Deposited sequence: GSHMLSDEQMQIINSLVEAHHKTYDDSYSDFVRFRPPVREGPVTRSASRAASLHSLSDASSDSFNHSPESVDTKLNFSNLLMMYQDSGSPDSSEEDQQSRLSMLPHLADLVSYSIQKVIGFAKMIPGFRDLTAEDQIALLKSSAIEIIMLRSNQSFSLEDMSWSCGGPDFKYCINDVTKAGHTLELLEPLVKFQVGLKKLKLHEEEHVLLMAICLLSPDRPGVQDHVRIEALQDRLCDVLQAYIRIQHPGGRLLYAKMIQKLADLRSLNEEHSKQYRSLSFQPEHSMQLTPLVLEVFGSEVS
């Protein structure tokens, strides 16, 4: 009927980690290669995603217990989940009115047609937009949003992880926090936790479709040369 001190301490750490790694002013975006509307948007979106990967790494390093995993597991979790965390965290810029991601500037407003000009198809972008709208409609508290990103990150059912038992125990404790938070602090949230776990399933499906379409980019050197080294590393197929 009430959250414990340890549960609250987890929430505080995760909220702080998100506020430290998500800059609502979007002022760093002027440093990316500019948007162009031949894959005219691939340079700008590559830079955006590369920047976002660095933020997700910074967020992950502040999740309780992530830092204490082996280096191989930390890499395994980030390589499998990075694209999902980016899709999740981008909801904070998504607008139901514009049906687009809005980042404090008309040049940094991204609609579906922009992403087609980076090598992706409606087979990815239609479920992605439907995901954003459904997730936005849940009206998650920031507490619930950061818990979901952490739960998504600390999934043991990802390729390459060795210490399944350790990661599952971390993810278990985060799920307990989220269920308790919704019950005590989220008025009328009886069906919310189930909906949030459904979104984790949706992300798996978006992850697969993105990986398939990213293989086409990475197999064509005139396109892969537009990516960043960090993107090449994290979305690449190297195994530690």
Coordinate gaps, deposited numbering = 1-2, 40-99
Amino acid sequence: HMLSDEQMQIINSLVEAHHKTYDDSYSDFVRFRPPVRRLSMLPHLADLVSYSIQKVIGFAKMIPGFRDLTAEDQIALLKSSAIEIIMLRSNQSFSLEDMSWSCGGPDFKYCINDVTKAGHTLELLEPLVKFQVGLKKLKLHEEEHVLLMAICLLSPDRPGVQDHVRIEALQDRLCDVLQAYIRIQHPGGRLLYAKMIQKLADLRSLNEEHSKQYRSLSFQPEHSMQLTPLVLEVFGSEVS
From here on, numbers count along this sequence of modelled residues.
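Heads up, when I say rigid core I mean the largest set of C-alphas that superpose within 1.5 Å between the two forms.
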query = in 9 other deposited structures of this protein, superposed by the rigid core, which stretch departs further from the shown form in CA positions, 104-112 or 89-97?
reply = 104-112
message = Between 25-33 and 179-187, which one shows the bigger average Cα displacement from this form in 9 other deposited structures of this protein once the rigid core is aligned?
response = 179-187
task = Averaging only over Cα atoms, indicate whether 40-48 or 172-180 has the higher B-factor in the PDB entry.
result = 172-180
ask   = On average, which has the higher Cα B-factor in the deposited entry, 137-145 or 105-113?
value = 105-113
request  = Relative to the other modelled residues of the same chain, rank the CA B-factor of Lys199 and answer lowest, middle or highest third.
outcome  = middle
request  = State the tercile, meaning the lowest, middle or highest third, of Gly58 with respect to the CA B-factors recorded for its chain.
outcome  = lowest
key: Modelled-residue ranking by C-alpha temperature factor, third containing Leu125   = middle
ask   = In terms of the CA temperature factor given in the entry, to which third of its chain does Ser95 belong: lowest, middle or highest?
value = highest
query = According to the PDB entry, is the CA B factor of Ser80 in the bottom, middle or top third of its chain, that is, lowest, middle or highest?
reply = lowest
